[PDB]
Amino acid sequence: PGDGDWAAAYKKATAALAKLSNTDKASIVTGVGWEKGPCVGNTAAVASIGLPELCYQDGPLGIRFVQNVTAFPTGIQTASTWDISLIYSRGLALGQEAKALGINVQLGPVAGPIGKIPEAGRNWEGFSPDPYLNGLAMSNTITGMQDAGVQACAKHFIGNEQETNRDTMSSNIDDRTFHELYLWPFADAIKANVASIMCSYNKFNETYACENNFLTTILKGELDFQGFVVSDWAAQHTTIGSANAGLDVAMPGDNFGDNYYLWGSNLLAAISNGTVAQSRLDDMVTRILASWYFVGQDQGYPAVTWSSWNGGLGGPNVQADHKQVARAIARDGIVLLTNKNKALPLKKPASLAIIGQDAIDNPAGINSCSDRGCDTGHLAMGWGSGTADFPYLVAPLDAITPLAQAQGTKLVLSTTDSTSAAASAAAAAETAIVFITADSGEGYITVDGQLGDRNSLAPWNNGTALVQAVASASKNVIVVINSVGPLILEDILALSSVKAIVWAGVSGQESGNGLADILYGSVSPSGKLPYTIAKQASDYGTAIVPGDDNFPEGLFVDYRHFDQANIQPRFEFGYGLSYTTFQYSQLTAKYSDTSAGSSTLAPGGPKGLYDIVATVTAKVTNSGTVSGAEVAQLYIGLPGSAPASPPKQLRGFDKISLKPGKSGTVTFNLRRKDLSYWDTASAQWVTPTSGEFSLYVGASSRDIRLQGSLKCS
Ligand SMILES: *[C@@H]1O[C@H](CO)[C@@H](O)[C@H](O)[C@H]1NC(C)=O
Ligand SMILES: *[C@@H]1O[C@H](CO)[C@@H](O)[C@H](O)[C@H]1NC(C)=O
Ligand SMILES: *[C@@H]1O[C@H](CO)[C@@H](O)[C@H](O)[C@H]1NC(C)=O
Ligand SMILES: *[C@H]1O[C@H](CO)[C@@H](O)[C@H](O)[C@@H]1O
């Protein structure tokens with residue numbers, strides 16, 4: 001208790017605990033019931049310690065239900081920027097809104113799923129199937145949010161990698177894979193002093209996550225987590241199991257509104273009858289209060305004056321200037337995939353056809369589908385709990401129209417997905433931009449026959465067939481794709497008239513502004529893929545399973561698999577084009593700390609794991625004729641002394657903006673953990689001590705420009 005930065009918080013918490021009755025304690029750990037409070041979850045106020053009715057509110061990309069809030073870009077769009085400054089700023093901006101509404105706990109960001117299964121329906125909420133990128137995104141988002149004064153909640157712990165049967169299936173993950181891959185972003189989150197972690201709906205090793213003692217042995221033991229664990233909604237199964245496993249808060253308290261509470265008086269009964277220790281409830285409360293005090297919510301926090309259930313009305317307008325970071329991520333997370341002799345940026349075309357319903361806002365209304373449970377009109381968010389009501393949505397045509405008008409280009413509109421009207425409009429313009437999508441969401445909503453998870457890696461809404469129609473009647477086609485995740489693009493790429501493919505992602509309210517910022521060339525695209533785009537779906541080596549998942553692929557997920565199995569992707573992890581080119585030189589690598597690392601336990605694990613032990617640099621030069629930013633990447637290969645591992649693992653990235661002909665330095669600081677592996681034999685992290693690490697610096701997981709090594713001492 002009080003390890004790391006939490007000692008003053010725990011002191012305040014322990015003092016408060018001493019004033020509480022057992023009924024006070026029970027009310028702090030037991031949600032009031034589904035929809036009974038104004039938030040997605042609440043616990044009762046405890047006036048004797050000045051504790052409010054704690055407010056838990058969705059979701060990761062904006063405040064759910066409440067009006068006059070910002071609908072920020074998705075997690076995966078945010079990761080696609082590879083820009084820690086933007087990542088931090090989105091978290092700050094979200095947390096500013098949450099605090100201003102009196103939200104105590106904002107339910108994000110998302111470390112689980114990482115997205116090991118490309119079809120899985122919630123992967124867009126997260127931060128990629130690369131644990132290093134994911135972890136940097138987690139820590140910068142949390143630090144932002146909590147700097148604004150809200151408690152963040154890293155979710156969903158753990159192994160909820162598909163929506164299909166998520167509340168009955170088991171994920172059974174071997175020790176090494178668990179630590180190196182799926183745990184890794186949660187460990188970064190804990191090191192960044194995340195206030196809370198939510199346990200998942202699925203079984204892990206055959207026991208429900210919220211009933212599994214790993215909450216105590218891994219989160220609170222190995223990782224020395226000082227905050228509190230909250231259930232996913234109605235993910236608690238038993239009174240005694242959950243308490244004893246290490247759950248701290250049961251949300252929403254009952255089984256989605258059934259008025260039956262496994263904790264409440266039932267938990268007091270379990271204590272009275274000897275099956276749960278008083279010390280366990282005391283520990284739960286101490287943790288919840290510690291997190292409250294840790295982010296400073298005990299003095300001068302705003303009150304909730306709105307409800308989730310009355311249309312989201314009653315609160316102040318909290319949008320502030322947050323559209324700025326929303327636009328910057330909508331822009332800078334776009335990934336340019338192809339661009340044949342400078343098709344883009346556009347430059348005063350005489351005429352332009354605009355094709356696809358994705359070009360315009362949903363004609364029925366941008367918030368007309370409950371929880372964004374449709375793929376109709378412009379797609380800027382997936383569906384489920386990780387949503388918000390758009391205050392407005394800039395569709396591509398909204399942004400393009402004035403820009404085209406100023407250049408006197410004529411627009412030929414075909415804003416449905418009709419293939420005949422599409423070919424018709426394509427024939428009538430010099431250049432055609434066609435807009436296609438792919439969507440998915442949380443597994444309580446079915447859209448186009450898909451209950452959360454996607455049933456293929458094909459474009460939705462007959463998108464491939466739309467593009468084929470446009471290509472059949474035009475010599476100059478630009479494809480814009482708004483998708484929640486990887487798609488197989490081989491049919492589109494086989495079309496000789498497709499001159500540029502813009503992977504624009506799913507980017508919130510400012511989507512169409514960010515897109516135009518790139519299409520008309522005000523800014524060079526600088527995004528890089530945060531997942532692999534394969535040539536066929538079977539190449540990922542993962543898929544949605546019908547029963548339990550034993551994770552046989554182990555460590556080898558996304559590019560790690562393509563690399564280990566020698567499968568050429570179509571577009572690799574970390575790939576992205578620019579309107580310029582970059583050249584890399586001058587690699588340096590230096591061990592700055594060859595010592596033994598501290599074994600004193602702190603949140604995140606042994607403190608020495610996070611010491612900076614080495615630094616790598618390189619020089620990057622803009623070799624082209626326009627300005628652009630490049631995302632330099634560092635991949636590490638472990639020595640032969642280590643067990644068999646992916647050939648390359650991302651361990652650094654740095655984004656540099658350069659004017660034409662200019663040069664700068666990129667820097668990658670390596671933690672001891674970044675140079676380690678999990679040794680199941682000794683049940684700990686090992687840092688190799690003979691041989692040499694291989695260092696690969698370049699523009700992608702496969703566009704490696706520099707190579708070096710770090711002697712392992
Ligand atoms: C899950 O089961 C695997 C294989 O049995 C086991 O070795 C691993 O340690 C388990 N992890 C737990 C309980 O956290
Ligand atoms: C203890 O109380 C809990 C909560 O009501 C109940 O489920 C359990 O059956 C009780 N056990 C015994 C041995 O009384
Ligand atoms: C949003 O805020 C504006 C600006 O204060 C206000 O006039 C408008 O009524 C608010 N809308 C809702 C639904 O509260
Ligand atoms: C429309 O726009 C494209 C892309 O800029 C051009 O390459 C084409 O010639 C047409 O003008």
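Quick look at the numbers
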| item | result |
| --- | --- |
| Residue count, region 314-345 (criterion: over 28 Å from the mean Cα position of the chain (by Cα) and assigned to a loop (DSSP other than H, G, I, E, B)) | 4 |
| Test: residue in region 447-469 that is within 16 Å of ligand 4 (Cβ to nearest atom) and of a type in the set (S, T, Y) | no |
| Pick from region 658-674, criterion in contact (Cβ under 8 Å) with a residue 60 or more places away in the chain and under 24 Å from the mean Cα position of the chain (by Cα), ranking: surrounded by the most Cβ atoms within 10 Å (Cβ to Cβ) | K673 |
| Residue in region 346-365 that is in the same structural domain as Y392 (by CATH), within 16 Å of ligand 3 (Cβ to nearest atom) and under 26 Å from the mean Cα position of the chain (by Cα) present | no |
| Residues of region 474-499 that turn out to be hydrophobic (A, V, I, L, M, F, W, C) and within 14 Å of ligand 4 (Cβ to nearest atom), as a count | 5 |
| Subset tally (residues that are buried (at least 22 other Cβ atoms within 10 Å of the Cβ) and either assigned to a helix (DSSP H, G or I) or hydroxyl-bearing (S, T, Y) (or both)) for region 143-163 | 3 |
| Pairs with Cβ under 8 Å, 6+ apart, first in region 689-713 and closer than 19 Å to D563 by Cβ and free of Cβ contacts under 8 Å to residues at least 40 places away in the same chain, second among the small types (G, A, S) and outside any loop (DSSP other than H, G, I, E, B) | none |
| Segments classed as helices (runs of 4 or more DSSP H), wholly inside region 182-300, with at least 1 members that are under 27 Å from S139 (Cα atoms) | 184-191, 239-245, 278-294 |
| Verdict on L675 being within 23 Å of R560 (Cβ to Cβ) and out of contact with any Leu (no Cβ under 6 Å at 6 or more places or on another chain) | yes |
| Residue among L215, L262, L281 that alone is hydrophobic (A, V, I, L, M, F, W, C) and either in contact with an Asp or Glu (Cβ under 7 Å, 6 or more places away or on another chain) or touching a residue at least 60 places away in the same chain (Cβ under 8 Å) (or both) | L281 |
| Test result for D254, surrounded by fewer than 22 Cβ atoms within 10 Å (Cβ to Cβ), away from ligand 3 (no atom under 16 Å from the Cβ), closer than 29 Å to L219 by Cα and touching a residue at least 60 places away in the same chain (Cβ under 8 Å) | no |
| Tabulated pairs, region 286-304, first under 25 Å from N22 (Cα atoms), second part of a loop (DSSP other than H, G, I, E, B) and of a type in the set (F, W, Y), C-beta under 7 angstrom, 6+ apart or interchain | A290/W6; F294/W6 |
| Single condition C374 does not satisfy, out of (1) at negative phi; (2) crowded, with 19+ Cβ neighbours inside 10 Å; (3) out of contact with any helix residue (DSSP H, G or I) (no Cβ under 6 Å at 6 or more places or on another chain) | (2) |
| Complete set of residues in region 389-411 that are crowded, with 18+ Cβ neighbours inside 10 Å and under 13 Å from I354 (Cβ atoms) | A395, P396, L397, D398, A399, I400, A404, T409 |
| Index of the failed condition, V506 passing every other in (1) of a type outside the set (F, W, Y); (2) crowded, with 24+ Cβ neighbours inside 10 Å; (3) out of contact with any strand residue (DSSP E or B) (no Cβ under 9 Å at 6 or more places or on another chain) | (3) |
| Which listed residue is part of a loop (DSSP other than H, G, I, E, B), farther than 19 Å from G514 by Cβ, in contact with a strand residue (DSSP E or B) (Cβ under 8 Å, 6 or more places away or on another chain) and more than 16 Å from ligand 2 (Cβ to nearest atom), from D375, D371, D389 | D375 |
| Among the candidates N244, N259, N255, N273, residue that is of a type in the set (S, T, N, Q) and within 16 Å of ligand 1 (Cβ to nearest atom) | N244 |
| Test: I492 is outside any loop (DSSP other than H, G, I, E, B) and either crowded, with 18+ Cβ neighbours inside 10 Å or small (G, A, S) (or both) | yes |
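All of this is worked out from the model, or read from it or from the source named; none is laboratory data. Reconstructed Cβ throughout: ideal geometry from the backbone, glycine too, with neighbour counts over all protein chains shown.
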